[PDB]
Amino acid sequence: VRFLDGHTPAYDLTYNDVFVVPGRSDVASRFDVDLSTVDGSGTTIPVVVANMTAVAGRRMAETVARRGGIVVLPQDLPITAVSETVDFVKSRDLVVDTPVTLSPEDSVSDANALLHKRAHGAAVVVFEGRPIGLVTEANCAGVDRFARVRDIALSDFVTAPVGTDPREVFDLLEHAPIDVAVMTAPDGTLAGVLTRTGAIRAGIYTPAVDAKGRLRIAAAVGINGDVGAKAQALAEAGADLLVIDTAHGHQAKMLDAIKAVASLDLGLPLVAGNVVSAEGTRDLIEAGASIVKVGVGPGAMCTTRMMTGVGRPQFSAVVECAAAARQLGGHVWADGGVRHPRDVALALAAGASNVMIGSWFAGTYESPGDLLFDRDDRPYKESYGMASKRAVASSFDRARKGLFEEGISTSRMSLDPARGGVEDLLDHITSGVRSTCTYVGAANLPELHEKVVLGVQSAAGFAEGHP
Amino acid sequence: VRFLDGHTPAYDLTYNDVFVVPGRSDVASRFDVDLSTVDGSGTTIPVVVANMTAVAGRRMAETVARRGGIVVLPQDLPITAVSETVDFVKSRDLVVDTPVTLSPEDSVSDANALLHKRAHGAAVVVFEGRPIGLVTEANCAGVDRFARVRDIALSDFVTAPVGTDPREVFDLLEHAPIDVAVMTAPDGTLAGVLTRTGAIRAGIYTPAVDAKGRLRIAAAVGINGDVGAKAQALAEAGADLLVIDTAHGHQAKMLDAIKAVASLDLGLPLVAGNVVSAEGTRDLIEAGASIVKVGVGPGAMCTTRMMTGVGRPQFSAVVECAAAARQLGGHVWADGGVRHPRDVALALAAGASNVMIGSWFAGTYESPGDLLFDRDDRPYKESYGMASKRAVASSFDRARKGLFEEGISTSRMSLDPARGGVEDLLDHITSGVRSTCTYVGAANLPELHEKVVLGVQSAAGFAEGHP
Amino acid sequence: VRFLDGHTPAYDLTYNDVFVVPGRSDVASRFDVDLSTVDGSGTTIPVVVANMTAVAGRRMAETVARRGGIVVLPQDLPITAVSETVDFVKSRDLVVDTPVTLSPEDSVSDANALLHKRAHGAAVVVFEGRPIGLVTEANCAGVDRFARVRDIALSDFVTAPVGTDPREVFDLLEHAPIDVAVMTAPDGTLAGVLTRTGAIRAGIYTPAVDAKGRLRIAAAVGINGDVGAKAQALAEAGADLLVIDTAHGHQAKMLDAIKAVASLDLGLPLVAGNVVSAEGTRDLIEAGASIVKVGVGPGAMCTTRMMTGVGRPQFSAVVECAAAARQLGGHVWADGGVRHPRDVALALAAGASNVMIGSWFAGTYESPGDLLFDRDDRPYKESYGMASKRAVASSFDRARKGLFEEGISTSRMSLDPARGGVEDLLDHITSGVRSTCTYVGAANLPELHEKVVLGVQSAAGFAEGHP
Ligand SMILES: Nc1nc2c(ncn2[C@@H]2O[C@H](COP(=O)(O)O)[C@@H](O)[C@H]2O)c(=O)[nH]1
Ligand SMILES: Nc1nc2c(ncn2[C@@H]2O[C@H](COP(=O)(O)O)[C@@H](O)[C@H]2O)c(=O)[nH]1
Ligand SMILES: Nc1nc2c(ncn2[C@@H]2O[C@H](COP(=O)(O)O)[C@@H](O)[C@H]2O)c(=O)[nH]1
Ligand SMILES: Nc1nc2c(ncn2[C@@H]2O[C@H](COP(=O)(O)O)[C@@H](O)[C@H]2O)c(=O)[nH]1
Ligand SMILES: Nc1nc2c(ncn2[C@@H]2O[C@H](COP(=O)(O)O)[C@@H](O)[C@H]2O)c(=O)[nH]1
Ligand SMILES: Nc1nc2c(ncn2[C@@H]2O[C@H](COP(=O)(O)O)[C@@H](O)[C@H]2O)c(=O)[nH]1
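Chains as they are written, first to last, in the working numbering: chain B, 52 to 518; chain L, 52 to 518; chain X, 52 to 518.
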């Protein structure tokens, strides 16, 4: 990638150590740039939710797929749950979000705990398939925790049929006391709930769909055990994309797994990682992988940097691997070390065909975890590492292996008190990437890579601007 | 050592300034790599406990020797105590740990204070050489501090003969209320205590033993006074390895001491330090030393960096000295600046034949110190510097020398509330080194040095990953 | 009642202002005295749970009725709920407590919130009427809040048939990991759960039962509206005792209500209040009431003392009214101002045929409220006053009446961290009353009244003893 004159630092650079120099721009507005990825994963935004059990669930899968990004299901997961999640996601409206359906016999405690499963802020009490009420934080508060939800003073909702343009439902919700509105099927059954900002987003983002027009989804497999059988069963389960993940993506087991999956000829794009070296990417590409995950160590839950000293600063690894893959025709997914939208913008600028968010999305409403509360009542969630799920594998043998195994690290990802949903994190990331495109003057991601110029900055250079 | 292309920093690098780039790996698991050292010290793990009076004791000596690492006894120690410690260590079971033996006439206060001498969490009340009870933090609490230990409501213990495989004692302790189990001699006398995790570790680690199959131990001498007589008496005392330590290992006194010890022809491997220069290592090797300690200043208790400005970043000194020693056939021990297992992994990667832990192990159960408690009740221990014990030497003369002498610095090394024993610190270090081997793809430490590739990282590069 | 010589204070005395002087005693132990009441309410202990919606529920009703005390259902309650509660209570085992029955399809959050409904500390997961598991605070913690209770790692329980003596189940639970044991019906269906301390209490307390051997229960009616119809419907609903409660029990409306209920000839004992004057008790007795509630103002939730200045110190009012009622043959229930068992003992000593606890029992596991948690995580519950439910009665009229109406006062009754159940509060109260009987030397409550001698004490007199 192009660098400023005289910029040959004697160290690998991270995201905080680099910056983008704006160039001559012809892109008028942020909406004039398209974020469609070229990697073949079919994501209209360069965002992938990581294959972490704390960040990858059915709700996040459907939400991000509707917003145009693919979601990788966590590895080492019972294929029954995988099939259930895939069937759930593929049966979702391309525009309307699936609400928190509440049976009239549910308790107040269950309703209150479920209200935070989604970012809508309200839950639908539905009887016999017909929506009969709405609950929120207001009517639920004060009443007894174990009273039935049929006696929670159900509020009135704005009902509209499925197929009305986002304009009409938007103006319908201009003065609505409750932001959400129930999209009902023509027969009268509830089909979903659409929000004011959801109506806004329905036009900006184009949902990522497969050849059959269903929300794309992905799943991950390890290398321990029969990789071929697991990958084949995953492909038959309906997963659009297969991701083979391990702590070290340059070992012979990784190459054998990629070779087996490629020989299976499943037709789905191939994703392997992680390698932070050009030779590792070359080996993975020659092994039969179309997409290469890059980054071992920058992950916010990754510990190997402190325990082993291995790793690489994310930006330099991403740019070198992207150069290698583009030399061999392959494509690159940056993984780990993403905490600000500048990280996404720089990862795409370095040459990566896509970026993968990880534990940042764990601090969202839709992450498959428990929304706990701290002492100061600030919302947050616990993010865990994959640990043995990303590692190559009687009571004695189990405990002996577990003694030397890296512990499951835990972190507290705080929720935004106002913009807590993953919708708003995606909005921030996409706005940052669009602004980067406008500053560079690129109409698309390949043009972003081609026309970006990057400079090096010191520690004090990062202090410039408002945090 | 191999470095990334374009990495020629204009400054000496420390451990935080370098990282290991993973390469093509054929090592399947962490257990597939052996950590046996080539230096001739006969340690099966690359860990040496420093010659500090706050970190080197009989308990740490026997524990680390059983786990495969050598321990250097502190210098300026009465040879009577040295002989007692060496005889104690050489008379230890290669598998079973020596417990806290409690006579029935001991007080409750003594039992409670002794319970934290070892990591077992329980102490054995033994009468006439026969184990009769077990005490822990539960039964001891609440009872009067000065009641006899024969009335502390002794609990029941799992008794097994010496020679049962760790499998059998492991399954015997699966549902045991007390984790420890008493290994008894065939005549019925108590021979030791083995723990559940001790049973686990008995197979993973191979104890470091001499030609007679006894736990290896080492001792240290200074340069002031007759070095030859002290070294000869130490060799006759039973010490396997001799370490000659001083603040400045490049002075003429150091060379004279090494020359005298080499002329003694004691047969034990020779260890001298510290020098952070290639010429210093060359002089030490030519003086008759097989192993060279490197690092003056990076020590967590070392003050000379702030008082004098002398020293060197540990990683660059280690790699340069290792290159010099391997040119002359000598071998290198990194000393100081070890706080994370990444430090050990990088020290071995730089070319050092071994690493020496130091004050990190002072915050353990087995360190020869007093387990004090802070206000927040978090366990911790006080680590002190060697000071004049590592420096070259009437009331007037004594006080005059002491006025200019560096004060004995003190630090508070906190105990891990759960994994406080040195067994678990060794587990963490060994797991980190094994993971580094797998990431590099090395089957042994020489292969680790040969096949490692190191890059340079900025300050923000160290922030990547979970702390 | 007898007083010490020279004790003629010029002020009405409260419980803190009086004390009992022990006399010549022939009662050997506390178990040698019986606490059976003479008032005809058929309570074997002198404890009545108040007609407060925050303290009177089905769980408290059944528990206190099994322990020998009657419970007055709150007034202004839908007779459908009254009938449901009465049928639930009358269908309870005289020895075994009804546990927290958990269907296998309940969520983890519901199970955790339900676990604190009873004092057993464990909940029974029952399938098809057959107990299949037990949950507690241990197995529930850590697992996902919305996982099904069929996957909460159900524990094993001690199963015994219904009819085994408390001795056998007591010894069965001597070493049981879970204190509770499931009493199962002969056909195998679950009939209840009995605890270790429940087995202990099954012999000490004799359950209060009606002529048909069913747990006695009581209900309350106001004076506004048709008192006769409400009282008759309550009697047909199965309530054993009728309590007519109002803020001022000396008004003409109170007398008319008592006259109507007496003319109804329902056969149940008559309870009216509150009057703190001898003339008020005389009027209530002549109106057709057998039992008179005494005390307006001492109630821990009562506010009229601060707002209006009306009221009376509880002890003097109780003793004067008891003297008047015993002159006319009526009987007295002390109400309000009970916070320590000394209050109960003094109320019975003053001459009251019974005492009524009130908001003290609101801070229990079985109180019909929500067990909330404070910042320091100390358990507690919110106690509310009856307000308009104890007061004599369009939007304009409603708001106009509510403007001048006393607000529903709220108090925080803290739970005992260990002895939080109402079983243990009853144990404390009964132990205090039994000890008072032994100190006086009385074999029964009438003997307590006859043989008690009371003295007056100053403010500093109350400081004597351990708080
Ligand atoms: N009643 C109800 N529970 C829901 C709904 N969505 C999620 N849940 C709860 O959340 C669980 C799955 O959590 P997830 O994996 O989707 O974060 C379900 O098994 C169920 O307990 C909903 O619409 N209604
Ligand atoms: N070595 C290691 N990497 C992990 C673990 N958990 C997650 N990761 C890596 O870190 C990524 C997420 O980090 P993030 O992008 O949130 O900073 C994952 O996609 C995965 O590549 C773990 O336990 N160990
Ligand atoms: N009674 C008793 N004291 C012990 C035992 N192990 C260590 N100690 C105490 O610890 C002292 C030595 O401490 P160390 O140098 O081993 O940390 C001994 O002199 C003795 O007071 C043991 O097994 N039993
Ligand atoms: N100059 C100096 N070095 C010390 C002193 N105490 C320990 N050291 C050095 O620091 C090492 C331990 O440091 P650590 O490895 O714990 O950071 C020792 O092995 C020794 O080389 C002291 O008082 N002065
Ligand atoms: N599932 C279940 N809910 C119970 C049980 N006992 C009480 N509850 C809950 O508590 C409510 C009544 O509370 P209460 O008035 O008894 O304090 C019920 O409607 C129900 O929601 C029980 O055994 N099982
Ligand atoms: N005036 C008045 N008395 C109340 C109210 N709530 C409860 N009480 C009285 O206070 C009694 C309970 O008080 P405690 O016995 O807990 O101190 C009740 O039985 C009733 O007599 C209220 O809101 N106003």
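Ideal Cβ positions, reconstructed from N, Cα and C, are used throughout, including at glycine.
- Residues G300, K344, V345, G346, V347, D386 of the same chain have their beta carbon placed closer than 7 Å to that of B:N325, with the five preceding and five following residues left out of the count.
- Within the same chain, and ignoring the five residues on either side of B:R196 in sequence, the residues whose Cβ sits closer than 6 Å to its Cβ are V159, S160.
- For B:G273, same chain residues with a beta-carbon under 6 Å away, outside a window of 5 residues either side, are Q126 in chain order.
- Near chain L, meaning a CB-to-CB distance below 8 Å, no residue of the region 267-286 of chain B qualifies.
- Under the rule that a run must span 4 or more residues, the alpha helix (DSSP H) segments found entirely inside the region 377-451 of chain B read 392-401.
- Residues of the region 245-267 of chain L with a C-beta atom less than 9 Å from some C-beta of chain B are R247, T248, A250, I251, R252, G254, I255, listed in chain order.
- Put simply, the backbone Cα of X:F178 is about 19 Å away from that of X:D148.
- For the options L:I255, L:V106, L:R449, the alpha carbon positioned closest to that of L:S87 is the one of L:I255.
- A buried status is given to B:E417, since no fewer than 16 other beta-carbon atoms sit within 10 Å of its beta-carbon.
- DSSP lists B:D63 as the beta-bridge partner residues of L:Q508.
- Under DSSP, X:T246 forms a beta bridge with X:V231.
- Contacts with chain L at 8 Å (Cβ-Cβ) do not include B:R53.
- By a beta-carbon distance limit of 8 Å, X:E371 does not contact X:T114. Their separation comes to about 33 Å.
- Any heavy atom of ligand 3 counts here; residues with a Cβ closer than 7 Å to one of them, in chain order, are L:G108, L:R109, L:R110, L:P150, L:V151, L:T152, L:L153, L:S154, L:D157, L:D161, L:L165, L:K168, L:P419.
- The closest CA to that of X:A329, considering only X:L315, X:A288, X:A373, is found on X:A373.
- With a cutoff of 7 Å, X:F197 counts as near ligand 1, since its C-beta is closer than that to a heavy atom of the ligand.
- Taking 7 Å as the cut-off, the C-beta of B:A101 counts as close to a heavy atom of ligand 2.
- If you draw a straight line from the Cα of X:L224 to the Cα of X:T210, it is about 10 Å long.
- The distance from the Cβ of X:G119 to that of X:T94 is about 6 Å, consistent with a contact at the 8 Å cut-off.
- With the rule of 3 Cβ pairs closer than 8 Å, the region 55-68 of chain B does not count as touching the region 476-491 of chain B.
- Distance from the Cα of X:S206 is smallest, within the candidate group X:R109, X:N190, X:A444, for X:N190.
- The residue among B:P258, B:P182, B:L397 with its C-alpha nearest the C-alpha of B:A236 is B:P182.
- Taken in chain order, the unbroken stretches of beta strand (DSSP E) that lie wholly in the region 238-292 of chain B and span 3 residues or more are 241-246, 269-272.
- Taking 8 Å as the cut-off, the Cβ atoms of B:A132 and B:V122 do not count as close.
- B:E515 has a beta carbon lying at 8 Å or more from every beta carbon in chain L.
- Rounded to the nearest whole angstrom, the C-alpha separation of X:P212 and X:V186 is 21 Å.
- When C-alpha distances from L:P392 are compared across B:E457, B:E433, B:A400, B:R451, the shortest belongs to B:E457.
- Of the other Cβ atoms in all chains shown, fewer than 16 fall within 10 Å of the Cβ of L:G453; this residue is therefore exposed.
- Shortest gap from the CB of L:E456 to any heavy atom of ligand 4: 7 Å or more.
- For L:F221, the nearest beta carbon of chain B is closer than 8 Å to its own beta carbon.
- Per DSSP, the unbroken alpha helix (DSSP H) holding L:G331 starts and ends at 329-337.
- Scanning its chain for C-beta atoms nearer than 7 Å, with the 5 sequence neighbours on each side dropped, one finds around X:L64 the residues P364, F366, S367, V507, in chain order.
- Checking the DSSP bridge columns, you'll see X:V186 partnered with X:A174.
- By the neighbour-count criterion, in which a residue is buried when 16 or more other Cβ atoms sit within 10 angstroms of its Cβ, L:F447 is exposed.
- Counting only the Cα atoms, B:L292 lies some 26 Å from B:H479.
- Only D195, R196, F197 from the region 188-210 of chain B bring a Cβ to less than 9 Å from some Cβ of chain X.
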